[PDB]
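Next comes coords-v8.pdb, a file with PDB, C-alpha atoms.
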ATOM      1  CA  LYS N   1      -2.892 -65.629  67.999  1.00  0.00           C
ATOM      2  CA  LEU N   2      -1.126 -63.327  70.482  1.00  0.00           C
ATOM      3  CA  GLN N   3      -3.186 -60.309  69.431  1.00  0.00           C
ATOM      4  CA  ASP N   4      -6.370 -62.310  69.971  1.00  0.00           C
ATOM      5  CA  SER N   5      -5.173 -63.260  73.461  1.00  0.00           C
ATOM      6  CA  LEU N   6      -4.418 -59.641  74.381  1.00  0.00           C
ATOM      7  CA  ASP N   7      -7.781 -58.385  73.107  1.00  0.00           C
ATOM      8  CA  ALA N   8      -9.583 -61.076  75.105  1.00  0.00           C
ATOM      9  CA  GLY N   9      -7.594 -60.133  78.204  1.00  0.00           C
ATOM     10  CA  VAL N  10      -8.463 -56.444  78.001  1.00  0.00           C
ATOM     11  CA  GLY N  11     -12.105 -57.327  77.410  1.00  0.00           C
ATOM     12  CA  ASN N  12     -12.009 -59.533  80.493  1.00  0.00           C
ATOM     13  CA  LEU N  13     -10.616 -56.556  82.404  1.00  0.00           C
ATOM     14  CA  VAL N  14     -13.105 -53.848  81.524  1.00  0.00           C
ATOM     15  CA  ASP N  15     -16.318 -55.537  80.316  1.00  0.00           C
ATOM     16  CA  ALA N  16     -19.653 -55.617  82.131  1.00  0.00           C
ATOM     17  CA  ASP N  17     -22.372 -58.229  82.668  1.00  0.00           C
ATOM     18  CA  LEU N  18     -25.584 -56.862  81.178  1.00  0.00           C
ATOM     19  CA  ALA N  19     -27.759 -59.595  82.694  1.00  0.00           C
ATOM     20  CA  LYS N  20     -27.092 -58.121  86.139  1.00  0.00           C
ATOM     21  CA  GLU N  21     -27.491 -54.536  84.934  1.00  0.00           C
ATOM     22  CA  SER N  22     -31.007 -55.320  83.697  1.00  0.00           C
ATOM     23  CA  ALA N  23     -32.113 -56.460  87.161  1.00  0.00           C
ATOM     24  CA  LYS N  24     -30.439 -53.501  88.846  1.00  0.00           C
ATOM     25  CA  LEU N  25     -32.091 -51.113  86.379  1.00  0.00           C
ATOM     26  CA  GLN N  26     -35.542 -52.557  87.071  1.00  0.00           C
ATOM     27  CA  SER N  27     -35.126 -52.278  90.835  1.00  0.00           C
ATOM     28  CA  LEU N  28     -33.771 -48.725  90.621  1.00  0.00           C
ATOM     29  CA  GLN N  29     -36.587 -47.547  88.347  1.00  0.00           C
ATOM     30  CA  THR N  30     -39.152 -48.914  90.797  1.00  0.00           C
ATOM     31  CA  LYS N  31     -37.337 -47.276  93.711  1.00  0.00           C
ATOM     32  CA  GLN N  32     -37.273 -43.896  91.947  1.00  0.00           C
ATOM     33  CA  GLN N  33     -40.999 -44.113  91.216  1.00  0.00           C
ATOM     34  CA  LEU N  34     -41.569 -44.849  94.901  1.00  0.00           C
ATOM     35  CA  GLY N  35     -39.300 -41.976  95.942  1.00  0.00           C
ATOM     36  CA  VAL N  36     -41.260 -39.415  93.947  1.00  0.00           C
ATOM     37  CA  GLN N  37     -44.470 -40.597  95.628  1.00  0.00           C
ATOM     38  CA  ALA N  38     -42.806 -40.465  99.056  1.00  0.00           C
ATOM     39  CA  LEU N  39     -41.713 -36.875  98.433  1.00  0.00           C
ATOM     40  CA  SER N  40     -45.269 -36.048  97.369  1.00  0.00           C
ATOM     41  CA  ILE N  41     -46.557 -37.546 100.631  1.00  0.00           C
ATOM     42  CA  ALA N  42     -44.020 -35.547 102.642  1.00  0.00           C
ATOM     43  CA  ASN N  43     -44.981 -32.253 100.973  1.00  0.00           C
ATOM     44  CA  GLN N  44     -48.644 -32.410 102.013  1.00  0.00           C
ATOM     45  CA  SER N  45     -47.736 -32.169 105.706  1.00  0.00           C
ATOM     46  CA  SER N  46     -48.621 -29.017 107.693  1.00  0.00           C
ATOM     47  CA  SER N  47     -51.604 -28.339 105.406  1.00  0.00           C
ATOM     48  CA  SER N  48     -53.988 -29.178 108.270  1.00  0.00           C
ATOM     49  CA  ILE N  49     -52.976 -26.138 110.342  1.00  0.00           C
ATOM     50  CA  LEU N  50     -55.348 -23.826 108.465  1.00  0.00           C
ATOM     51  CA  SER N  51     -58.410 -25.589 109.886  1.00  0.00           C
ATOM     52  CA  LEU N  52     -57.412 -24.498 113.401  1.00  0.00           C
ATOM     53  CA  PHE N  53     -57.721 -20.806 112.511  1.00  0.00           C
TER      54      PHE N  53
ATOM     55  CA  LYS Y   1      20.665 -98.889  32.553  1.00  0.00           C
ATOM     56  CA  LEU Y   2      22.435 -96.473  34.922  1.00  0.00           C
ATOM     57  CA  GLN Y   3      20.241 -93.549  33.875  1.00  0.00           C
ATOM     58  CA  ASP Y   4      17.145 -95.642  34.569  1.00  0.00           C
ATOM     59  CA  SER Y   5      18.490 -96.468  38.035  1.00  0.00           C
ATOM     60  CA  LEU Y   6      19.154 -92.805  38.847  1.00  0.00           C
ATOM     61  CA  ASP Y   7      15.710 -91.692  37.663  1.00  0.00           C
ATOM     62  CA  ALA Y   8      14.068 -94.392  39.782  1.00  0.00           C
ATOM     63  CA  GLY Y   9      16.127 -93.312  42.788  1.00  0.00           C
ATOM     64  CA  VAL Y  10      15.129 -89.660  42.533  1.00  0.00           C
ATOM     65  CA  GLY Y  11      11.499 -90.675  42.087  1.00  0.00           C
ATOM     66  CA  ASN Y  12      11.775 -92.804  45.214  1.00  0.00           C
ATOM     67  CA  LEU Y  13      13.130 -89.739  47.009  1.00  0.00           C
ATOM     68  CA  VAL Y  14      10.522 -87.135  46.155  1.00  0.00           C
ATOM     69  CA  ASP Y  15       7.330 -88.957  45.096  1.00  0.00           C
ATOM     70  CA  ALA Y  16       4.064 -89.103  47.026  1.00  0.00           C
ATOM     71  CA  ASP Y  17       1.453 -91.791  47.717  1.00  0.00           C
ATOM     72  CA  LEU Y  18      -1.852 -90.566  46.307  1.00  0.00           C
ATOM     73  CA  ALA Y  19      -3.881 -93.333  47.958  1.00  0.00           C
ATOM     74  CA  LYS Y  20      -3.149 -91.756  51.344  1.00  0.00           C
ATOM     75  CA  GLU Y  21      -3.708 -88.215  50.074  1.00  0.00           C
ATOM     76  CA  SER Y  22      -7.236 -89.145  48.976  1.00  0.00           C
ATOM     77  CA  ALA Y  23      -8.185 -90.238  52.500  1.00  0.00           C
ATOM     78  CA  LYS Y  24      -6.556 -87.186  54.060  1.00  0.00           C
ATOM     79  CA  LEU Y  25      -8.370 -84.915  51.599  1.00  0.00           C
ATOM     80  CA  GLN Y  26     -11.746 -86.454  52.441  1.00  0.00           C
ATOM     81  CA  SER Y  27     -11.212 -86.072  56.183  1.00  0.00           C
ATOM     82  CA  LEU Y  28      -9.985 -82.482  55.841  1.00  0.00           C
ATOM     83  CA  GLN Y  29     -12.914 -81.451  53.641  1.00  0.00           C
ATOM     84  CA  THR Y  30     -15.348 -82.845  56.207  1.00  0.00           C
ATOM     85  CA  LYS Y  31     -13.492 -81.079  59.019  1.00  0.00           C
ATOM     86  CA  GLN Y  32     -13.602 -77.741  57.179  1.00  0.00           C
ATOM     87  CA  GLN Y  33     -17.340 -78.099  56.582  1.00  0.00           C
ATOM     88  CA  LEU Y  34     -17.761 -78.765  60.300  1.00  0.00           C
ATOM     89  CA  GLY Y  35     -15.556 -75.796  61.196  1.00  0.00           C
ATOM     90  CA  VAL Y  36     -17.668 -73.347  59.213  1.00  0.00           C
ATOM     91  CA  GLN Y  37     -20.778 -74.595  61.030  1.00  0.00           C
ATOM     92  CA  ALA Y  38     -19.004 -74.327  64.396  1.00  0.00           C
ATOM     93  CA  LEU Y  39     -18.055 -70.720  63.654  1.00  0.00           C
ATOM     94  CA  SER Y  40     -21.671 -70.035  62.696  1.00  0.00           C
ATOM     95  CA  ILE Y  41     -22.796 -71.497  66.032  1.00  0.00           C
ATOM     96  CA  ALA Y  42     -20.263 -69.370  67.910  1.00  0.00           C
ATOM     97  CA  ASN Y  43     -21.390 -66.149  66.202  1.00  0.00           C
ATOM     98  CA  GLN Y  44     -25.008 -66.402  67.370  1.00  0.00           C
ATOM     99  CA  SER Y  45     -23.985 -66.045  71.023  1.00  0.00           C
ATOM    100  CA  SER Y  46     -24.908 -62.877  72.969  1.00  0.00           C
ATOM    101  CA  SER Y  47     -27.988 -62.352  70.772  1.00  0.00           C
ATOM    102  CA  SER Y  48     -30.243 -63.200  73.733  1.00  0.00           C
ATOM    103  CA  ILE Y  49     -29.265 -60.081  75.701  1.00  0.00           C
ATOM    104  CA  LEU Y  50     -31.775 -57.893  73.855  1.00  0.00           C
ATOM    105  CA  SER Y  51     -34.726 -59.721  75.421  1.00  0.00           C
ATOM    106  CA  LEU Y  52     -33.648 -58.516  78.874  1.00  0.00           C
ATOM    107  CA  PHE Y  53     -34.112 -54.858  77.912  1.00  0.00           C
TER     108      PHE Y  53
END

Do you think you could lay out the structure here as structure tokens?
Amino acid sequence: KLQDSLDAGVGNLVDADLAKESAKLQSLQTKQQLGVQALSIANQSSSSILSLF
Amino acid sequence: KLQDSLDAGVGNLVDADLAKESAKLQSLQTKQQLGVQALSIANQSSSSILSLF
């Protein structure tokens, strides 16, 4: 009985909640996809200078 | 006569009542059958996490 209590206590200390990690993973994947597109938008600046010359 | 008295006395000391043991046995068998089912119910927890990923 004591060993079961100690195992449960350590698990309570260091375990995670995967239900929350799923939501965080979804939001972060969407944000990374948006960040790549934002970097692509930022790269195409200064390309309009060539028309002046 | 004395030997009969002593045998009856020892029997009175260490004998059981089987009428009560029958009822206790029935209740304990039912409780064990319920305990196996309860353990089976407890095992199937955390199986719903996989749907989140």

Requested in this report: Enumerate, as a list in words, the residues matched when the PyMOL selection byres ((chain N) within 12 of (chain Y)) is run on the file above.
Outcome: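 Taken on the displayed file, the PyMOL selection byres ((chain N) within 12 of (chain Y)) yields the residues residues 17, 18, 19, 20, 21, 22, 23, 24, 25 and 26 of chain N.
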
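A straight line drawn from atom CA of residue N:6 to atom CA of residue Y:37 is 25.9 Å long.
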
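Note that the spacing between atom CA of residue N:32 and atom CA of residue N:15 amounts to 26.6 Å.
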
Requested in this report: In Å, rounded to a single decimal, give me how far atom CA of residue N:16 is from atom CA of residue Y:47.
Outcome: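 One can read the atom CA of residue Y:47 to atom CA of residue N:16 distance as 15.6 Å.
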
Please reconstruct the missing atoms of stretch 10-21 of chain N (target: N, CA, C and O atoms) and return them as an mmCIF file, keeping the file's coordinate frame.
data_model
loop_
_atom_site.group_PDB
_atom_site.id
_atom_site.type_symbol
_atom_site.label_atom_id
_atom_site.label_comp_id
_atom_site.auth_asym_id
_atom_site.auth_seq_id
_atom_site.Cartn_x
_atom_site.Cartn_y
_atom_site.Cartn_z
ATOM 1 N N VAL N 10 -7.956 -57.782 77.696
ATOM 2 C CA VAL N 10 -8.463 -56.444 78.001
ATOM 3 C C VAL N 10 -9.979 -56.468 78.153
ATOM 4 O O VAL N 10 -10.543 -55.836 79.061
ATOM 5 N N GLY N 11 -10.667 -57.193 77.268
ATOM 6 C CA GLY N 11 -12.105 -57.327 77.410
ATOM 7 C C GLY N 11 -12.499 -57.937 78.738
ATOM 8 O O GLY N 11 -13.457 -57.501 79.372
ATOM 9 N N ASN N 12 -11.758 -58.950 79.181
ATOM 10 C CA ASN N 12 -12.009 -59.533 80.493
ATOM 11 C C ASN N 12 -11.796 -58.509 81.597
ATOM 12 O O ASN N 12 -12.451 -58.562 82.641
ATOM 13 N N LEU N 13 -10.866 -57.577 81.391
ATOM 14 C CA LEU N 13 -10.616 -56.556 82.404
ATOM 15 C C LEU N 13 -11.777 -55.576 82.529
ATOM 16 O O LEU N 13 -12.233 -55.286 83.638
ATOM 17 N N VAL N 14 -12.268 -55.038 81.411
ATOM 18 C CA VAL N 14 -13.105 -53.848 81.524
ATOM 19 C C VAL N 14 -14.559 -54.085 81.114
ATOM 20 O O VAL N 14 -15.337 -53.153 81.110
ATOM 21 N N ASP N 15 -14.962 -55.309 80.798
ATOM 22 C CA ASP N 15 -16.318 -55.537 80.316
ATOM 23 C C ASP N 15 -17.296 -55.694 81.471
ATOM 24 O O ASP N 15 -16.909 -55.966 82.608
ATOM 25 N N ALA N 16 -18.578 -55.520 81.159
ATOM 26 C CA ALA N 16 -19.653 -55.617 82.131
ATOM 27 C C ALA N 16 -20.510 -56.845 81.852
ATOM 28 O O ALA N 16 -20.362 -57.530 80.839
ATOM 29 N N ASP N 17 -21.426 -57.122 82.773
ATOM 30 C CA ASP N 17 -22.372 -58.229 82.668
ATOM 31 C C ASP N 17 -23.759 -57.606 82.583
ATOM 32 O O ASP N 17 -24.293 -57.135 83.589
ATOM 33 N N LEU N 18 -24.340 -57.595 81.384
ATOM 34 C CA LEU N 18 -25.584 -56.862 81.178
ATOM 35 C C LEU N 18 -26.777 -57.564 81.811
ATOM 36 O O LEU N 18 -27.789 -56.917 82.110
ATOM 37 N N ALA N 19 -26.677 -58.876 82.036
ATOM 38 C CA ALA N 19 -27.759 -59.595 82.694
ATOM 39 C C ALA N 19 -28.003 -59.057 84.097
ATOM 40 O O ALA N 19 -29.150 -58.980 84.548
ATOM 41 N N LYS N 20 -26.937 -58.686 84.803
ATOM 42 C CA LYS N 20 -27.092 -58.121 86.139
ATOM 43 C C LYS N 20 -27.556 -56.671 86.077
ATOM 44 O O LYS N 20 -28.333 -56.216 86.931
ATOM 45 N N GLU N 21 -27.090 -55.928 85.071
ATOM 46 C CA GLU N 21 -27.491 -54.536 84.934
ATOM 47 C C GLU N 21 -28.976 -54.407 84.640
ATOM 48 O O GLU N 21 -29.598 -53.432 85.062
#
